[PDB]
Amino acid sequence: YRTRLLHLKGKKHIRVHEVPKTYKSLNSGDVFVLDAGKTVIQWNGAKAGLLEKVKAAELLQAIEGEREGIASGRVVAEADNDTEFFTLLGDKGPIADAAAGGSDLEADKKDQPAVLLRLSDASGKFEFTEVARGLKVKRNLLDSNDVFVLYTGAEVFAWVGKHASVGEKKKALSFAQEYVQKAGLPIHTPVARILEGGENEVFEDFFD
């Protein structure tokens, strides 16, 4: 499994980004999730906000539920200097202060990375079209008749509507994988094909 470091940040709402796997990506003002597959660790900065911890905790719960006992979750404080955390991280050093991580209020306004796209072949050919971005990505936009691709800021999901066509169901994953390429995202960005009706905890977690 490829260990990923996720960075959660915000005041009125929370956005997540994947950041380089190193202590230098951390800052005491925010909350981070180190996803090492079967071990997932939430790291709370000393000055982390309540909402950042809450949504990081929701992410851990969703990952644990989707991985069905294979993955265990644990939360550590920055002051704990958790040795397993820094071992899975790969290095250790001085943690940048909250000021160096930037303003949460600025992040709310300037950093909304979510993107929702639709894949439909109702016209006789595949059309892959952006539907919404940022906070305007709402669950009500999903349509059982088509396939939808959601970028959360950390992961890409290919959501397959129950009434999607044969071509849409077959090509859903390839369009989601190709989105990572065209959008210039990290090559190892996780892409997952999911079905309407599934529990899909991490996907559903994005919307609440």
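In case it trips you up, residue 1 is the first one in the sequence shown, and so on.
Note on 63 to 71 vs 172 to 180: mean CA B-factor is higher in 63 to 71.
As listed in the deposited structure, the average C-alpha B-factor of 77 to 85 and of 131 to 139 is greater for 77 to 85. The deposited CA B-factor of residue 188 belongs to the highest third of values across its chain.
Among the modelled residues of its chain, residue 56 has a C-alpha B-factor that falls in the lowest third according to the deposited record. Residue-level temperature factors show residue 17 in the lowest third of its chain, judged at the C-alpha atom.
Residue 165 sits in the highest third of its chain by CA B factor, as recorded in the PDB entry. Split the chain's modelled residues into thirds by C-alpha temperature factor. Residue 26 is in the highest one.
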